[PDB]
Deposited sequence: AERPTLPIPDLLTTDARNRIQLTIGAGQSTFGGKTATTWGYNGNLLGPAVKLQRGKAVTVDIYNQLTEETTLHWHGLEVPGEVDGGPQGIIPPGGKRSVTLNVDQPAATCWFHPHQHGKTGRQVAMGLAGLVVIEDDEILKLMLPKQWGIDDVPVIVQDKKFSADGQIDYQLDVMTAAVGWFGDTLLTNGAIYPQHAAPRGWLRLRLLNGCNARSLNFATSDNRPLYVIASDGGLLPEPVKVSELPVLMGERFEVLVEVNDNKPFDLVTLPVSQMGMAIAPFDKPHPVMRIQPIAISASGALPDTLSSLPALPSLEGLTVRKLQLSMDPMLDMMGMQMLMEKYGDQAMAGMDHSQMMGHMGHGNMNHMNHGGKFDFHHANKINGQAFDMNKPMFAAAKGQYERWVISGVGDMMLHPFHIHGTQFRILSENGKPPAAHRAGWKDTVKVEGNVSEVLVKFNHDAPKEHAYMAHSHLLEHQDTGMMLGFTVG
């Protein structure tokens, strides 16, 4: 059979009442010919791309048609805590919540997803994620590829695993609380190995790692380069040519890739050095999508200069906040041993060379920051508003991957896990790698967040977030 075409999320803008309507609900999808219950925004799976303009406000009406509580967070969008949609932003089953978003940041590809307390991994795994396309006046002058679904395409890459009856097989248990939820099936905008027909010239891909726990590393099957033009929080100062592009959970990058007649190629993901993630079929490069060239000229440009990136300021005198991540040694060892028992040595490929004892030992609060599993009732600190701060995040103490995300900001990385950031990671970021080492980021919060609607800071390995590796903080 030929490959299915890449599904393209609809690009949604406001009505005359300046509203966007999002409905959260359950439906059915098909994977490898078997039906599965899935959840989506304005559909059965995944979601639309909400288009936003800097300096314009929009109202979003969010209808929860699930039978359980959910929340909706705009990952990457800088908004007051009251509309950030962290775990306090509950939408009752059958209810509606409206938010007004006053967009105040540069053009970027952001995304949106649930943030239900303790259940974010399940609700993402069941299907909920959408996109946000922010535009501003500056980016349009660059004349980048801009025809949505033709030469400007979102690429949301996610793994799932399924039970024998075809349903999504999600469990938050000791093993996945330890290593994360991951699967053997790769989806690209919800489809298994689709093709995308692209005009000759430049193709812009807006890449999102939407996996719960799997890191990815994009490349092309014939080693043509990718030109990175943007990171989580928007354009880089100039394109950065790469041969491969590691993407942590929740991160976005936009790249341009050349499309030439008569020479289809795949976007692939290369095996990563992360526990559990190189089990077959991920022990080898894995196709993500086939790019099928069309002999029609694409009009987009790859300009020499994209944007202005301001200098890092002086660090002297800035508040230094320490965030020590930790896992429970016993439960980390127990989850890792279950992984090894299940899959054997392959569960550590590529890595560097039973009774109830009560609630004190409950894996649901095994992961922590500064000695505390997430307490929704107690923000850990009150950050300054409009002031740069230096946040120091340590994963010393274990070797698991902690992509650390801070709500309410786009920051600058000073140190990523003990090294200065790569050039394509040196611009605006909302995620920083922490793994066995220490990262430091320069953050500023432009909006208030009160105790009742606090900003989150957490690992975006969802099973770790849900089992305590998150803190709340206020601003203002």
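- Coordinate coverage of the deposited sequence breaks once, at 354 to 366, a segment carrying no C-alpha atoms.
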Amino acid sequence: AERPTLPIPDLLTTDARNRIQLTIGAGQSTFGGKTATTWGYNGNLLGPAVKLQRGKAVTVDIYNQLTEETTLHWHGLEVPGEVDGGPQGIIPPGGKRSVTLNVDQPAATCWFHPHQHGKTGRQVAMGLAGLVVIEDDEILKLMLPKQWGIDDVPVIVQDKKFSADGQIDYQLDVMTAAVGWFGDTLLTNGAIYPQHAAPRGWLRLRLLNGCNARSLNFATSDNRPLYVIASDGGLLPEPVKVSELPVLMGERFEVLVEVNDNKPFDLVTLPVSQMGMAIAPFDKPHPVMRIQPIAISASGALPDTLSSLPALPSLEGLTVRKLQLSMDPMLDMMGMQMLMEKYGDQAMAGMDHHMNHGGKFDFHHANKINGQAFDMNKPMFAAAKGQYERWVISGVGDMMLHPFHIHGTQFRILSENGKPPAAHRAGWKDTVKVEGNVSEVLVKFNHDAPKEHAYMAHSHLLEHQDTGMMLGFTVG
From here on, numbers count along this sequence of modelled residues.
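- Comparing 313 to 321 with 246 to 254, the stretch with the higher mean C-alpha B-factor in the PDB entry is 313 to 321.
- Looking at mean Cα B-factors across 399 to 407 and 125 to 133, the upper value is held by 399 to 407.
- Going by the entry's values, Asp332 shows the largest Cα B-factor out of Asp84, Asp332, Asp169, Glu238.
- In this structure the maximum Cα B-factor among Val174, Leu270, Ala347, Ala295 is found at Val174.
- Looking at the C-alpha B-factors along this chain, the one for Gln88 belongs to the middle third.
- Ranked by Cα temperature factor within the chain, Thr38 sits in the lowest third according to the deposited record.
- Ranked by C-alpha B-factor against the other modelled residues of its chain, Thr431 falls in the lowest third.
- When the modelled residues of the chain are ordered by C-alpha B-factor, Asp15 sits in the highest third.
- In the PDB entry, a CA B factor belonging to the middle third of its chain's modelled residues is recorded for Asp283.
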